[PDB]
Amino acid sequence: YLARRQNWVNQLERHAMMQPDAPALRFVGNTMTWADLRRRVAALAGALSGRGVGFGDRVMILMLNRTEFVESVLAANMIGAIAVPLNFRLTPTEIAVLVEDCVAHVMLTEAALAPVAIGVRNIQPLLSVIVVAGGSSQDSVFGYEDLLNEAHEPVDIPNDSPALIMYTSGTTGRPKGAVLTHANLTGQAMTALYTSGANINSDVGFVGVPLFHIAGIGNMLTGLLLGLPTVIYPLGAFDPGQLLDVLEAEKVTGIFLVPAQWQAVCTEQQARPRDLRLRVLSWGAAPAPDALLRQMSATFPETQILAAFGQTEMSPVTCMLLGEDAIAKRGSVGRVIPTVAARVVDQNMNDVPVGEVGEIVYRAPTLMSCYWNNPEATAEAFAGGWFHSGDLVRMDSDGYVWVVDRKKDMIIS
Amino acid sequence: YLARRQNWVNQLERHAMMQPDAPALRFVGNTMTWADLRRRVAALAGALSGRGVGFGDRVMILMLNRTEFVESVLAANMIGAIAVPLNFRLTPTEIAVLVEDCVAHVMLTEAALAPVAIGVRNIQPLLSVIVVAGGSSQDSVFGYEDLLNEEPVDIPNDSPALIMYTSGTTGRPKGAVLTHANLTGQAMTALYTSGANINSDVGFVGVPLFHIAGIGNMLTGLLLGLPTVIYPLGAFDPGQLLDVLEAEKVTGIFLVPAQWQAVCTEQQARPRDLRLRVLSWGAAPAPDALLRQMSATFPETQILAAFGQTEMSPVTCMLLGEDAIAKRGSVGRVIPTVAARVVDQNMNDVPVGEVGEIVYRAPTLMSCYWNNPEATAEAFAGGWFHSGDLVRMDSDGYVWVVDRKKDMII
């Protein structure tokens with residue numbers, strides 16, 4: 001915590017000092033302690049620093065859910081470089097376009113995705129350093145474990161330093177990458193603290209969405225800040241019974257699922273209960289029937305149920321729906337969280353009458369800095385001094401936000 | 001959020017916009033909404049900068065538990081001035097020493113303490129401005145509500161917000177400088193220990209607001225836009241306190257173990273309809289019996305005991321209720337946002353489990369003793385902050401502070 005910096009690199013160091021043998025990460029049944037994570041991170045950082053990676057440089061990450069993803073984000077940040085996590089379903093051309101946009105020379109990937117990283121290099125020769133998790137040093141490619149075993153001088157990381165470039169998936173035209181600073185991420189961890197709460201002694205976190213997505217990386221903030229372990233769940237087919245078995249075994253205390261998944265988990269748990277430790281349940285990314293919400297409360301008594309709204313690559317969580325208001329204000333995305341300011345404006349950035357439909361626009365410390373090397377798109381995003389969400393909403397007399405939009409029919413699509 | 005700044009002045013502006021008519025402060029039965037609080041704070045900031053006080057200047061506050069205390073702190077910080085809360089038990093000579101150390105020229109006081117402030121000005125002519133809450137604009141006195149009846153500033157998160165002078169004052173006064181980033185980080189410790197319901201919570205400050213434990217109890221309410229009950233200083237009355245906690249639907253309160261004893265006996269005898277969710281104790285030892293009584297008297301509540309917070313230090317250790325009996329006598333484990341070592345006189349770690357001085361590294365440590373680099377260097381000797389508390393740390397991480405009990409008869 002030297003130089004009075006707050007970021008998850010310093011947090012990693014504090015935990016390796018104060019609780020080396022405590023669990024940091026759980027992945028397919030193995031445990032990585034803080035001393036182990038710090039040791040590997042510092043080794044990968046040294047390998048990157050030795051191969052030209054310096055402050056401000058960009059490091060691509062092309063991985064599925066696995067500990068080397070967390071290790072790579074932290075290693076890049078430890079030397080003040082910017083991690084750029086990639087949607088692993090992108091074509092080699094799509095990734096090559098992103099490599100040119102932020103001019104990144106290093107890509108940390110894994111064996112399953114190593115042919116894709118090879119293809120990106122052949123299309124965009126700006127990528128010269130490919131490090132493959134679970135691979136060996138061969139074929140003009142470095143082996144991840146080889147670089148760690150081949151072994152960093154402290155770097156002052158101001159809290160306004162960019163920590164991540166999160167590229168948006170709209171991909172309509174020119175790519176747009178949201179730049180998130182450590183201060184941004186710290187504020188987003190704060191939002192998790194005053195909505196979900198925390199128990200420093202017993203909580204165990206869980207990330208089951210893709211770690212490249214802002215929802216995955218965001219589920220790491222609590223764990224890394226508070227020194228609590230985080231279960232990394234591998235990506236794959238959804239099995240409600242096996243997930244419940246894992247939640248039981250790992251003693252997980254908070255999980256996010258989409259409403260469809262909660263229905264499959266609730267009926268599986270009601271039929272054959274597991275001994276769970278869930279304290280908070282989270283849902284979102286689709287509507288939830290009023291029957292399901294009451295079914296979840298009945299299936300998991302003594303647990304609070306939350307639903308966040310607003311988080312994108314550019315925006316943090318802006319609205320929160322606590323379990324109390326899931327019935328009184330059903331259909332709502334909740335109220336604007338106390339660390340975010342919002343207006344409902346019209347085409348000319350004038351506030352619309354209270355209760356009317358307009359675009360909700362935000363001001364907050366947890367908004368993205370900018371779109372990387374794109375002053376035009378950044379200027380439009382913050383047109384009039386407020387971040388334009390693109391979401392048509394309506395606020396009522398009680399401050400509850402309702403998002404208006406036409407639903408999608410899958411059979412027609 | 002002018003340039004992505006995080007401080008309670010910006011939070012106050014945010015709350016006045018998103019929920020102007022929501023309760024901000026509660027004092028002696030009266031609600032002050034966020035819109036009322038912002039209007040008043042802005043008027044006092046205008047009155048201040050009308051006296052030549054600007055960025056970095058020090059404004060002194062000599063007040064009891066009263067809404068104007070919070071208005072004064074926010075009004076000075078709104079123009080970048082540094083608020084210096086004063087211990088109202090100090091003699092006018094002692095206060096004049098503090099006026100000299102930080103070279104303050106403005107003192108915001110109240111009618112009750114206004115005799116003390118004039119005495120300060122008779123000892124120290126640097127105090128050219130004395131604004132009295134609850135008083136008229138008489139000779140050499142500015143009326144608080146009269147100055148309120150009569151441009152934005154960029155405030156970097158590392159700007160000094162407060163100067164908190166220590167009580168010991170062994171000859172030389174020492175004023176701990178706390179920045180807005182410092183305060184933000186201290187607010188975060190409350191969130192991940194006590195929790196927070198951003199809909200139903202109602203906070204409570206009953207210790208003196210000038211003390212760090214008092215000003216600290218405001219952080220959560222101003223950050224999360226939740227009401228805070230301000231409790232007037234005076235004779236302790238467990239039944240009267242219980243009646244207020246019931247009427248205000250207070251969700252969290254701090255009390256000293258002796259007060260918890262009286263509150264538990266009253267609440268068990270004549271139970272009130274309370275909404276308490278978290279119970280905080282500290283500043284004295286709590287017997288095994290009292291903690292069990294508190295748990296029985298208030299089921300469905302969490303019991304917490306913080307340690308370490310001083311004018312210079314944040315909270316550094318937390319004892320959760322599940323450990324108060326397992327690890328009796330402990331002050332808890334070091335919190336996740338604080339690094340600590342137990343060292344001997346050569347800055348070397350003592351063997352684990354052995355006694356040494358606990359030293360701290362954390363973003364929420366004080367910046368410096370105001371205008372005293374000698375004391376600041378001694379306090380940070382070796383690269384770590386020296387608490388002055390001798391401790392040991394067991395194999396599970398729990399911290400035991402070693403001391404000598406103070407005998408009352410002697």
# chains A, B, ... in the order shown; residues from 1 in each chain; ligands from 1
>>> residues_around(residues="segment 207-215 of chain B", least_positions_apart="5", cutoff="6 Å", atoms="only C-alpha atoms", output="list in words")
residues 65, 85 and 86 of chain B
>>> write_last_selection(atoms="C-alpha atoms", output="short mmCIF file (atom, residue, chain, number, x, y, z; two decimals), in the first residue's frame")
data_model
loop_
_atom_site.label_atom_id
_atom_site.label_comp_id
_atom_site.auth_asym_id
_atom_site.auth_seq_id
_atom_site.Cartn_x
_atom_site.Cartn_y
_atom_site.Cartn_z
CA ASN B 65 -23.81 18.06 18.70
CA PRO B 85 -13.24 20.69 14.83
CA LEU B 86 -12.41 21.71 18.39
#
>>> interface_residues(of="chain B", to="chain A", cutoff="7 Å", atoms="only C-alpha atoms", output="PyMOL selection string")
chain B and resi 1+4-6+14+18+188+191-193+195-197+224-225+336+339+361-363
>>> write_last_selection(atoms="N, CA, C and O atoms", output="mmCIF file, in the first residue's frame")
data_model
loop_
_atom_site.group_PDB
_atom_site.id
_atom_site.type_symbol
_atom_site.label_atom_id
_atom_site.label_comp_id
_atom_site.auth_asym_id
_atom_site.auth_seq_id
_atom_site.Cartn_x
_atom_site.Cartn_y
_atom_site.Cartn_z
ATOM 1 N N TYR B 1 -20.283 15.733 -9.587
ATOM 2 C CA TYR B 1 -18.993 15.113 -9.873
ATOM 3 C C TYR B 1 -18.322 15.879 -10.987
ATOM 4 O O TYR B 1 -18.425 15.525 -12.163
ATOM 5 N N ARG B 4 -14.782 14.002 -11.783
ATOM 6 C CA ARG B 4 -14.723 12.682 -11.146
ATOM 7 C C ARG B 4 -14.090 12.771 -9.756
ATOM 8 O O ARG B 4 -13.200 11.999 -9.399
ATOM 9 N N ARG B 5 -14.552 13.741 -8.974
ATOM 10 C CA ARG B 5 -14.083 13.915 -7.608
ATOM 11 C C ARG B 5 -14.968 13.125 -6.657
ATOM 12 O O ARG B 5 -16.182 13.033 -6.858
ATOM 13 N N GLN B 6 -14.358 12.555 -5.619
ATOM 14 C CA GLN B 6 -15.092 11.837 -4.576
ATOM 15 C C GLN B 6 -14.870 12.557 -3.249
ATOM 16 O O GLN B 6 -13.784 12.483 -2.669
ATOM 17 N N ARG B 14 -25.015 15.699 -5.072
ATOM 18 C CA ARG B 14 -25.697 14.587 -5.733
ATOM 19 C C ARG B 14 -27.020 14.267 -5.052
ATOM 20 O O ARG B 14 -28.029 14.024 -5.726
ATOM 21 N N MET B 18 -30.901 14.221 -6.571
ATOM 22 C CA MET B 18 -31.649 12.991 -6.793
ATOM 23 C C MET B 18 -32.768 12.779 -5.784
ATOM 24 O O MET B 18 -33.776 12.142 -6.109
ATOM 25 N N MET B 188 -15.357 3.166 3.421
ATOM 26 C CA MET B 188 -15.402 1.823 2.858
ATOM 27 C C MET B 188 -15.285 0.761 3.943
ATOM 28 O O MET B 188 -15.928 -0.293 3.848
ATOM 29 N N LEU B 191 -18.559 -0.037 5.328
ATOM 30 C CA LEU B 191 -19.454 -0.758 4.430
ATOM 31 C C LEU B 191 -19.228 -2.262 4.497
ATOM 32 O O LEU B 191 -20.190 -3.040 4.499
ATOM 33 N N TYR B 192 -17.973 -2.697 4.545
ATOM 34 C CA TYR B 192 -17.709 -4.125 4.463
ATOM 35 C C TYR B 192 -17.627 -4.791 5.828
ATOM 36 O O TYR B 192 -17.411 -6.006 5.899
ATOM 37 N N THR B 193 -17.825 -4.038 6.907
ATOM 38 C CA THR B 193 -17.983 -4.608 8.238
ATOM 39 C C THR B 193 -19.422 -4.532 8.727
ATOM 40 O O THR B 193 -20.011 -5.561 9.077
ATOM 41 N N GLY B 195 -22.082 -3.445 6.909
ATOM 42 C CA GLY B 195 -23.082 -3.546 5.870
ATOM 43 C C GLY B 195 -23.875 -2.257 5.746
ATOM 44 O O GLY B 195 -23.605 -1.245 6.401
ATOM 45 N N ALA B 196 -24.890 -2.305 4.885
ATOM 46 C CA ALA B 196 -25.709 -1.134 4.594
ATOM 47 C C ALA B 196 -26.945 -1.513 3.798
ATOM 48 O O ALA B 196 -26.841 -2.216 2.787
ATOM 49 N N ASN B 197 -28.113 -1.044 4.237
ATOM 50 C CA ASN B 197 -29.342 -1.106 3.452
ATOM 51 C C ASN B 197 -29.648 0.303 2.964
ATOM 52 O O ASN B 197 -30.099 1.148 3.738
ATOM 53 N N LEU B 224 -23.989 7.434 1.341
ATOM 54 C CA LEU B 224 -25.110 6.661 0.830
ATOM 55 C C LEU B 224 -26.410 7.450 0.778
ATOM 56 O O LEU B 224 -27.435 6.893 0.373
ATOM 57 N N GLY B 225 -26.398 8.719 1.175
ATOM 58 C CA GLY B 225 -27.608 9.522 1.156
ATOM 59 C C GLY B 225 -28.692 9.062 2.100
ATOM 60 O O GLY B 225 -29.876 9.195 1.782
ATOM 61 N N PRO B 336 -8.972 -5.934 5.873
ATOM 62 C CA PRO B 336 -8.318 -6.244 4.586
ATOM 63 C C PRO B 336 -7.671 -5.057 3.894
ATOM 64 O O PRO B 336 -6.801 -5.269 3.040
ATOM 65 N N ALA B 339 -2.369 -2.892 6.040
ATOM 66 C CA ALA B 339 -1.214 -3.745 6.293
ATOM 67 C C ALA B 339 -0.599 -3.397 7.643
ATOM 68 O O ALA B 339 -0.505 -2.221 8.005
ATOM 69 N N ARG B 361 0.574 0.309 7.457
ATOM 70 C CA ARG B 361 0.635 0.876 6.113
ATOM 71 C C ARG B 361 -0.767 0.786 5.530
ATOM 72 O O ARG B 361 -1.369 -0.293 5.529
ATOM 73 N N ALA B 362 -1.291 1.911 5.049
ATOM 74 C CA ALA B 362 -2.648 1.945 4.517
ATOM 75 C C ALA B 362 -2.915 3.271 3.819
ATOM 76 O O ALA B 362 -2.415 4.316 4.257
ATOM 77 N N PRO B 363 -3.719 3.277 2.754
ATOM 78 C CA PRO B 363 -4.092 4.559 2.132
ATOM 79 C C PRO B 363 -4.872 5.472 3.069
ATOM 80 O O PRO B 363 -4.820 6.699 2.916
#
>>> residues_around(residues="residue 66 of chain A", least_positions_apart="6", cutoff="12 Å", atoms="only C-alpha atoms", output="PyMOL selection string")
chain A and resi 25-30+32+72-73+109-110+133-134+207-212+216+230-235
>>> write_last_selection(atoms="N, CA and C atoms", output="compact mmCIF listing (two decimals), in the first residue's frame")
# COMPACT_ATOMS: atom_id res chain seq x y z
N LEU A 25 -7.93 -18.09 -4.86
CA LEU A 25 -8.70 -18.57 -5.99
C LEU A 25 -8.95 -20.07 -5.84
N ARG A 26 -10.15 -20.49 -6.23
CA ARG A 26 -10.50 -21.90 -6.31
C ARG A 26 -10.91 -22.20 -7.74
N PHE A 27 -10.28 -23.20 -8.33
CA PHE A 27 -10.53 -23.55 -9.72
C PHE A 27 -10.44 -25.06 -9.86
N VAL A 28 -11.52 -25.66 -10.37
CA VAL A 28 -11.73 -27.11 -10.50
C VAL A 28 -11.13 -27.88 -9.32
N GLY A 29 -11.42 -27.43 -8.10
CA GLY A 29 -11.07 -28.18 -6.92
C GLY A 29 -9.70 -27.90 -6.35
N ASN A 30 -8.85 -27.17 -7.06
CA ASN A 30 -7.55 -26.80 -6.52
C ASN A 30 -7.60 -25.40 -5.93
N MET A 32 -5.49 -21.91 -4.83
CA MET A 32 -4.33 -21.04 -4.97
C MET A 32 -4.36 -20.02 -3.83
N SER A 72 -3.04 -12.90 -15.26
CA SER A 72 -2.53 -12.05 -16.34
C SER A 72 -2.99 -10.61 -16.18
N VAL A 73 -4.25 -10.40 -15.79
CA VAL A 73 -4.70 -9.04 -15.52
C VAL A 73 -3.82 -8.40 -14.45
N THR A 109 -2.73 -16.03 -23.81
CA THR A 109 -3.83 -16.89 -24.23
C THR A 109 -3.60 -18.28 -23.63
N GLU A 110 -4.39 -19.26 -24.06
CA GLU A 110 -4.25 -20.64 -23.60
C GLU A 110 -4.21 -21.58 -24.81
N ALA A 133 -1.04 -20.29 -22.14
CA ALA A 133 -1.28 -21.01 -20.89
C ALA A 133 -1.49 -22.49 -21.18
N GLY A 134 -0.74 -23.33 -20.49
CA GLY A 134 -0.81 -24.76 -20.74
C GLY A 134 -0.08 -25.23 -21.97
N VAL A 207 -17.59 -16.57 -9.68
CA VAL A 207 -17.74 -15.96 -11.00
C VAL A 207 -17.97 -17.09 -12.00
N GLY A 208 -19.16 -17.11 -12.61
CA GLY A 208 -19.51 -18.16 -13.55
C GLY A 208 -19.80 -17.65 -14.95
N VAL A 209 -19.93 -16.33 -15.10
CA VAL A 209 -20.04 -15.67 -16.40
C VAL A 209 -18.63 -15.57 -16.97
N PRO A 210 -18.45 -15.25 -18.25
CA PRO A 210 -17.08 -15.19 -18.79
C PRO A 210 -16.27 -14.10 -18.11
N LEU A 211 -15.04 -14.46 -17.71
CA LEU A 211 -14.15 -13.50 -17.05
C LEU A 211 -13.76 -12.33 -17.95
N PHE A 212 -13.83 -12.49 -19.28
CA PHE A 212 -13.55 -11.36 -20.16
C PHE A 212 -14.65 -10.31 -20.12
N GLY A 216 -17.94 -10.65 -15.38
CA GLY A 216 -16.99 -11.57 -14.78
C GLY A 216 -15.90 -10.85 -14.00
N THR A 230 -12.25 -16.61 -4.27
CA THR A 230 -13.20 -16.55 -5.37
C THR A 230 -13.15 -17.87 -6.13
N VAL A 231 -14.30 -18.50 -6.30
CA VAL A 231 -14.41 -19.68 -7.15
C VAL A 231 -14.51 -19.23 -8.60
N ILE A 232 -13.60 -19.72 -9.44
CA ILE A 232 -13.69 -19.52 -10.89
C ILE A 232 -14.39 -20.75 -11.46
N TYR A 233 -15.60 -20.57 -11.97
CA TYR A 233 -16.30 -21.72 -12.54
C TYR A 233 -15.98 -21.84 -14.02
N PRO A 234 -15.59 -23.02 -14.50
CA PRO A 234 -15.31 -23.17 -15.93
C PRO A 234 -16.55 -22.94 -16.77
N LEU A 235 -16.36 -22.38 -17.96
CA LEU A 235 -17.47 -22.16 -18.87
C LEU A 235 -17.87 -23.46 -19.55
>>> select_by_dssp(residues="segment 64-247 of chain A", states="strand (DSSP E or B)", output="ChimeraX atom specification")
/A:82-85,106-110,129-133,138,141-143,162-167,177-181,205-207,230-232
>>> write_last_selection(atoms="N, CA, C and O atoms", output="short mmCIF file (atom, residue, chain, number, x, y, z; two decimals), in the first residue's frame")
data_model
loop_
_atom_site.label_atom_id
_atom_site.label_comp_id
_atom_site.auth_asym_id
_atom_site.auth_seq_id
_atom_site.Cartn_x
_atom_site.Cartn_y
_atom_site.Cartn_z
N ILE A 82 -1.73 -2.04 -19.35
CA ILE A 82 -3.19 -2.05 -19.44
C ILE A 82 -3.63 -3.40 -19.99
O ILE A 82 -3.27 -3.77 -21.11
N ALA A 83 -4.43 -4.13 -19.21
CA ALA A 83 -4.95 -5.40 -19.67
C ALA A 83 -6.15 -5.18 -20.58
O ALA A 83 -6.99 -4.31 -20.32
N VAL A 84 -6.22 -5.95 -21.66
CA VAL A 84 -7.31 -5.85 -22.64
C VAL A 84 -7.95 -7.23 -22.78
O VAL A 84 -7.53 -8.02 -23.64
N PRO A 85 -8.95 -7.57 -21.96
CA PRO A 85 -9.56 -8.90 -22.07
C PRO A 85 -10.41 -9.00 -23.32
O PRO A 85 -11.12 -8.06 -23.69
N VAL A 106 1.55 -7.79 -27.09
CA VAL A 106 1.57 -9.02 -26.31
C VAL A 106 0.16 -9.58 -26.20
O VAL A 106 -0.80 -8.83 -25.98
N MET A 107 0.02 -10.90 -26.34
CA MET A 107 -1.25 -11.57 -26.10
C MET A 107 -1.01 -12.78 -25.21
O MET A 107 -0.25 -13.68 -25.58
N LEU A 108 -1.66 -12.80 -24.06
CA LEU A 108 -1.65 -13.95 -23.17
C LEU A 108 -2.91 -14.77 -23.45
O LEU A 108 -4.02 -14.24 -23.36
N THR A 109 -2.73 -16.03 -23.81
CA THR A 109 -3.83 -16.89 -24.23
C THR A 109 -3.60 -18.28 -23.63
O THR A 109 -2.73 -18.47 -22.77
N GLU A 110 -4.39 -19.26 -24.06
CA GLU A 110 -4.25 -20.64 -23.60
C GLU A 110 -4.21 -21.58 -24.81
O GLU A 110 -4.42 -21.17 -25.95
N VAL A 129 4.41 -11.05 -29.39
CA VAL A 129 4.63 -11.87 -28.20
C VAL A 129 3.34 -12.60 -27.86
O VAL A 129 2.35 -11.97 -27.46
N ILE A 130 3.34 -13.92 -28.02
CA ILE A 130 2.21 -14.78 -27.69
C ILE A 130 2.67 -15.75 -26.61
O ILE A 130 3.64 -16.49 -26.80
N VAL A 131 1.98 -15.74 -25.47
CA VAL A 131 2.28 -16.60 -24.33
C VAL A 131 1.06 -17.48 -24.09
O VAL A 131 -0.04 -16.97 -23.86
N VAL A 132 1.26 -18.80 -24.15
CA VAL A 132 0.15 -19.75 -24.18
C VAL A 132 0.07 -20.47 -22.84
O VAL A 132 1.00 -21.21 -22.47
N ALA A 133 -1.04 -20.29 -22.14
CA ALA A 133 -1.28 -21.01 -20.89
C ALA A 133 -1.49 -22.49 -21.18
O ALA A 133 -2.33 -22.85 -22.01
N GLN A 138 7.52 -23.18 -28.14
CA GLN A 138 7.71 -23.81 -29.44
C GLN A 138 6.96 -23.00 -30.48
O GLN A 138 6.12 -22.16 -30.14
N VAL A 141 6.36 -19.37 -30.24
CA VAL A 141 5.41 -19.02 -29.19
C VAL A 141 6.03 -19.38 -27.85
O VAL A 141 6.78 -20.35 -27.73
N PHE A 142 5.74 -18.57 -26.83
CA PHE A 142 6.25 -18.83 -25.49
C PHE A 142 5.27 -19.67 -24.68
O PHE A 142 4.05 -19.58 -24.84
N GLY A 143 5.84 -20.50 -23.80
CA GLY A 143 5.05 -21.27 -22.86
C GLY A 143 4.84 -20.47 -21.59
O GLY A 143 5.79 -19.92 -21.03
N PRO A 162 -5.00 4.04 -16.22
CA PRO A 162 -5.84 3.03 -16.87
C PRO A 162 -5.44 1.63 -16.45
O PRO A 162 -4.26 1.26 -16.49
N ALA A 163 -6.43 0.84 -16.05
CA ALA A 163 -6.18 -0.55 -15.68
C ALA A 163 -6.65 -1.53 -16.74
O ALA A 163 -6.02 -2.57 -16.92
N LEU A 164 -7.74 -1.21 -17.44
CA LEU A 164 -8.33 -2.10 -18.43
C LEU A 164 -8.84 -1.31 -19.63
O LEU A 164 -9.31 -0.18 -19.49
N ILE A 165 -8.76 -1.92 -20.80
CA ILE A 165 -9.53 -1.51 -21.97
C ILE A 165 -10.57 -2.60 -22.23
O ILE A 165 -10.21 -3.73 -22.59
N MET A 166 -11.84 -2.27 -22.02
CA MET A 166 -12.95 -3.18 -22.26
C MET A 166 -13.63 -2.78 -23.56
O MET A 166 -14.33 -1.77 -23.62
N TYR A 167 -13.43 -3.58 -24.61
CA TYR A 167 -13.98 -3.26 -25.92
C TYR A 167 -15.45 -3.64 -26.01
O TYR A 167 -15.86 -4.73 -25.60
N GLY A 177 -13.23 1.11 -27.28
CA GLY A 177 -12.76 0.46 -26.07
C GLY A 177 -12.85 1.34 -24.85
O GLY A 177 -12.20 2.39 -24.77
N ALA A 178 -13.67 0.94 -23.87
CA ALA A 178 -13.81 1.73 -22.66
C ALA A 178 -12.56 1.59 -21.81
O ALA A 178 -12.09 0.48 -21.55
N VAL A 179 -12.02 2.72 -21.38
CA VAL A 179 -10.82 2.76 -20.55
C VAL A 179 -11.25 2.90 -19.10
O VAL A 179 -11.89 3.88 -18.73
N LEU A 180 -10.90 1.91 -18.28
CA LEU A 180 -11.28 1.90 -16.88
C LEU A 180 -10.02 2.04 -16.02
O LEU A 180 -9.08 1.26 -16.17
N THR A 181 -10.01 3.04 -15.15
CA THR A 181 -8.90 3.26 -14.24
C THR A 181 -9.09 2.46 -12.96
O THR A 181 -10.18 1.96 -12.67
N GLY A 205 -16.61 -16.10 -2.85
CA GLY A 205 -17.19 -15.55 -4.06
C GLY A 205 -17.22 -16.55 -5.20
O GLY A 205 -16.58 -17.60 -5.15
N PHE A 206 -17.96 -16.19 -6.24
CA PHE A 206 -18.19 -17.07 -7.38
C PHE A 206 -18.34 -16.22 -8.64
O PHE A 206 -19.12 -15.26 -8.65
N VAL A 207 -17.59 -16.57 -9.68
CA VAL A 207 -17.74 -15.96 -11.00
C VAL A 207 -17.97 -17.09 -12.00
O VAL A 207 -17.10 -17.95 -12.19
N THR A 230 -12.25 -16.61 -4.27
CA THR A 230 -13.20 -16.55 -5.37
C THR A 230 -13.15 -17.87 -6.13
O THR A 230 -12.07 -18.31 -6.54
N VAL A 231 -14.30 -18.50 -6.30
CA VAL A 231 -14.41 -19.68 -7.15
C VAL A 231 -14.51 -19.23 -8.60
O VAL A 231 -15.41 -18.46 -8.96
N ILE A 232 -13.60 -19.72 -9.44
CA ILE A 232 -13.69 -19.52 -10.89
C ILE A 232 -14.39 -20.75 -11.46
O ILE A 232 -13.83 -21.85 -11.42
#
>>> residues_around(residues="residue 258 of chain B", least_positions_apart="3", cutoff="12 Å", atoms="only C-alpha atoms", output="PyMOL selection string")
chain B and resi 236+238+254-255+261-265+281-287+290-291+294
>>> select_by_dssp(residues="segment 276-377 of chain B", states="helix (DSSP H, G or I)", output="list in words")
residues 288, 289, 290, 291, 292, 293, 294, 295, 296, 297, 321, 322, 323, 373, 374, 375, 376 and 377 of chain B
>>> write_last_selection(atoms="N, CA, C and O atoms", output="CSV table (one decimal), in the first residue's frame")
chain,number,residue,atom,x,y,z
B,288,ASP,N,-17.8,-11.1,29.3
B,288,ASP,CA,-18.5,-12.2,28.6
B,288,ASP,C,-20.0,-12.1,28.8
B,288,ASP,O,-20.7,-12.3,27.9
B,289,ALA,N,-20.4,-11.7,30.0
B,289,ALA,CA,-21.8,-11.7,30.3
B,289,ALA,C,-22.5,-10.6,29.5
B,289,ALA,O,-23.6,-10.9,29.0
B,290,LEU,N,-22.0,-9.4,29.4
B,290,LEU,CA,-22.6,-8.3,28.7
B,290,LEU,C,-22.8,-8.7,27.2
B,290,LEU,O,-23.9,-8.4,26.7
B,291,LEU,N,-21.8,-9.3,26.6
B,291,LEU,CA,-22.0,-9.6,25.2
B,291,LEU,C,-23.1,-10.6,25.0
B,291,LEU,O,-23.9,-10.6,24.0
B,292,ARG,N,-23.2,-11.6,25.9
B,292,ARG,CA,-24.4,-12.5,25.8
B,292,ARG,C,-25.7,-11.8,26.1
B,292,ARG,O,-26.7,-12.1,25.4
B,293,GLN,N,-25.7,-10.9,27.0
B,293,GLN,CA,-26.9,-10.1,27.3
B,293,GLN,C,-27.3,-9.3,26.0
B,293,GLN,O,-28.5,-9.3,25.7
B,294,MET,N,-26.4,-8.6,25.4
B,294,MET,CA,-26.6,-7.9,24.2
B,294,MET,C,-27.2,-8.8,23.1
B,294,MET,O,-28.1,-8.4,22.4
B,295,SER,N,-26.7,-10.0,23.0
B,295,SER,CA,-27.2,-10.9,22.0
B,295,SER,C,-28.6,-11.4,22.3
B,295,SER,O,-29.4,-11.5,21.4
B,296,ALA,N,-28.9,-11.6,23.6
B,296,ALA,CA,-30.2,-12.0,23.9
B,296,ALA,C,-31.2,-10.8,23.9
B,296,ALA,O,-32.3,-11.0,23.5
B,297,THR,N,-30.7,-9.7,24.3
B,297,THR,CA,-31.6,-8.5,24.3
B,297,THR,C,-32.0,-8.1,22.9
B,297,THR,O,-33.1,-7.6,22.6
B,321,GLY,N,-18.9,-10.4,15.8
B,321,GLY,CA,-19.5,-11.0,16.9
B,321,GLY,C,-19.3,-12.5,17.1
B,321,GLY,O,-19.3,-13.0,18.2
B,322,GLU,N,-19.0,-13.2,16.0
B,322,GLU,CA,-18.7,-14.7,16.1
B,322,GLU,C,-17.4,-15.0,16.7
B,322,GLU,O,-17.1,-16.1,17.0
B,323,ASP,N,-16.6,-14.0,16.9
B,323,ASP,CA,-15.3,-14.1,17.5
B,323,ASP,C,-15.1,-13.5,18.9
B,323,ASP,O,-14.1,-13.7,19.6
B,373,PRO,N,6.9,18.4,10.3
B,373,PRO,CA,7.6,17.3,9.6
B,373,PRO,C,8.4,16.5,10.6
B,373,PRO,O,8.7,15.3,10.3
B,374,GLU,N,8.9,17.1,11.7
B,374,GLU,CA,9.6,16.3,12.7
B,374,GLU,C,8.8,15.3,13.3
B,374,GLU,O,9.1,14.1,13.3
B,375,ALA,N,7.6,15.6,13.8
B,375,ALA,CA,6.6,14.7,14.3
B,375,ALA,C,6.1,13.7,13.2
B,375,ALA,O,5.9,12.5,13.5
B,376,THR,N,6.0,14.2,12.0
B,376,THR,CA,5.5,13.3,10.9
B,376,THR,C,6.6,12.2,10.6
B,376,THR,O,6.2,11.0,10.4
B,377,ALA,N,7.8,12.6,10.6
B,377,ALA,CA,8.9,11.6,10.3
B,377,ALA,C,9.0,10.6,11.4
B,377,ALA,O,9.2,9.4,11.2
>>> residues_around(residues="residue 57 of chain A", least_positions_apart="5", cutoff="8 Å", atoms="only C-alpha atoms", output="PyMOL selection string")
chain A and resi 80-82+104
>>> write_last_selection(atoms="C-alpha atoms", output="PDB file, in the first residue's frame")
ATOM      1  CA  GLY A  80       1.515  -0.458 -14.953  1.00  0.00           C
ATOM      2  CA  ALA A  81       0.449  -1.964 -18.277  1.00  0.00           C
ATOM      3  CA  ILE A  82      -3.187  -2.054 -19.439  1.00  0.00           C
ATOM      4  CA  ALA A 104      -0.861  -4.118 -28.350  1.00  0.00           C
TER       5      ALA A 104
END
